[PDB]
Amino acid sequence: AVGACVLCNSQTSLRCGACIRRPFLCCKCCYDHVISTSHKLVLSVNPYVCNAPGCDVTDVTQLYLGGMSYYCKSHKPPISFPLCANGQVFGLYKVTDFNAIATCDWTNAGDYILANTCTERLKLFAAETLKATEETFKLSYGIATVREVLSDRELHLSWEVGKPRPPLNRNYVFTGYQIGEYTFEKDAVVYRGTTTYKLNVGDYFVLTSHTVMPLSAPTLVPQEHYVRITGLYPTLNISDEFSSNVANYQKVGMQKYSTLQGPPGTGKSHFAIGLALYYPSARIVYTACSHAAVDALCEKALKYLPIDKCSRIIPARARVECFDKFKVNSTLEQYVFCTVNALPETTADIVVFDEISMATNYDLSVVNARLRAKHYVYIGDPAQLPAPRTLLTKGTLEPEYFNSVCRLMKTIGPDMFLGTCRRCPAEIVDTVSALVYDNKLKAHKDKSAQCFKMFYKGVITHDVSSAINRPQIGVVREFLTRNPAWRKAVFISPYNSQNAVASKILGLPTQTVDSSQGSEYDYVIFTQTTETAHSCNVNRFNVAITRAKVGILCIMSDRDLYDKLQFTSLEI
């Protein structure tokens, strides 16, 4: 019960009992907190409560120290001091932002803005408070019980009355009862068990509520600039393939941490793997939030790095199928590929943290706590999608507030920028360059003359709140009859329900914009589905159209984004 203050490090015995994380607050800060919020419970060795029998006074502003005990105004002895007086709360060893983080419900974008603009210690307090709030909210959802099993991929569910039903998508992962993790997609529903189990009638599913551990490390260690490359030994015989990144690799060794903004198809994994070739004896840990981002780094390493010096770290509680070509769980290999939540406690010469737009400050702090490194390299793009904020329903979260790294890239600029898109036809590059990259992204490919747009609002139906636009799918079906090369296209939309309908009618493989991030396909067919803040988000739009290597068809609902697409318009 004795620790350091979350606002000024000052030692104290006080903790706020009303704060979900019970942070240590010194006398001067505890006061400024209790006197400005609904939080009045103060904790020490013993709580600050009226010691008089049967009395229920817990408010610190209505309590006094009567010798060594605590009493209210009704029970205090004549010789007593108020607990709250003179800008302090009585304790041993004798904030507007702290109050807002401590009392907010995390449903407003302004809550996330504050969590990223506050001091470093408050960024950790905000990250821990937010994550704990998110887990408690998982308890609010009703239990799903198997009413009947149709097949190996379809079943019927019975829901708990009086409790809301969580959204049905890949985002919401359930735990069967422990018959493995399971996901569902929309009376017949599609079930997806991580472990193959013959679904028993009567069995039930609940959201995996994990305990939020406290944070200790900053989101970003303090920056250090060096006069020479430090702790790393470069090659002189560096492959021509990687020559373009040599100055950037030297920048990496001459600073404690560095940020790399890599727009779609500009060479982020190529840069990441090339760093291993540039500092050939360096031990590098490659991390990202998702298994897919870690696997994409493994695929690039498989091509350039010796397979015997690589290891893919997989947590024993296996959720999705991941990279099989490296030795599994060998923490001491020179190259370690592992998701943030599975990171071991280790050291490295370089830590490469990829897909940085998807990280939260909680992830940034976890990395700094598990990995002690000479250099930290953050790779991603603040113009791409952030991690979903399940609690946030009011306001839009701007890229500068995704996390500390994205905030730096949007305010002072990234340390390094990969300026040439090698994936996309010039129509796509020119569109996103103007949209989100301030005209700094250059096209390498010519215009493919296979980038088309159609303005067609159609009809919007809804599967709960997830949207469907059957007429936009009908336009795609007509287009496919006329453009058979597009038979190989991936169908993309901002909605799972739109994708489920397109899958049955078109037979094309399907991705949401969010699940398509990091992937590329020759042909993409995109149906905007609706004109909402979700389907019009410029980062989501950017990711949607930069998935294409050769052609893209965009069936648009929004006039603004339609007019911005530098594509050939199709009639109807």
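Each residue number is its position in the shown sequence, starting from 1. Note that the rigid core is defined as the largest set of C-alphas that superpose within 1.5 Å between two forms.
Superposition on the core shows that, in 9 other deposited structures of this protein, the C-alpha atoms drift more in one of 480 to 488 and 84 to 92; this is 84 to 92. Core-fitted comparison in 9 other deposited structures of this protein shows that, between 324 to 332 and 212 to 220, the CA atoms farther from the shown form belong to 324 to 332.
Among the other PDB entries of this protein that were compared and that flank it with modelled residues, residue 317 is left unmodelled in a third or more. Count the deposited residues lacking coordinates between residue 374 and residue 375 and you get none at all.
Unmodelled residues of the deposited sequence between residue 137 and residue 138: none, the chain being continuous.
Mean CA B-factor, 344 to 352 versus 403 to 411: the higher value falls on 344 to 352. When the mean C-alpha temperature factors of 35 to 43 and 525 to 533 are read from the deposited coordinates, 35 to 43 comes out higher. Looking at 390, 195, 261, 496, the one whose CA carries the top B-factor in the deposited record is 195. Of the candidates 245, 368, 239, 339, it is 239 whose Cα B-factor is highest according to the PDB record. In the PDB entry, residue 538 places in the lowest third of its chain by CA B-factor. For residue 147, the recorded CA B-factor ranks within the highest third of the chain. Only modelled residues enter the ranking. Sort the modelled residues of the chain by CA B factor and residue 504 lands in the middle third. For residue 14, the recorded CA B-factor ranks within the highest third of the chain. Only modelled residues enter the ranking. For residue 430, the recorded CA temperature factor ranks within the lowest third of the chain's modelled residues.
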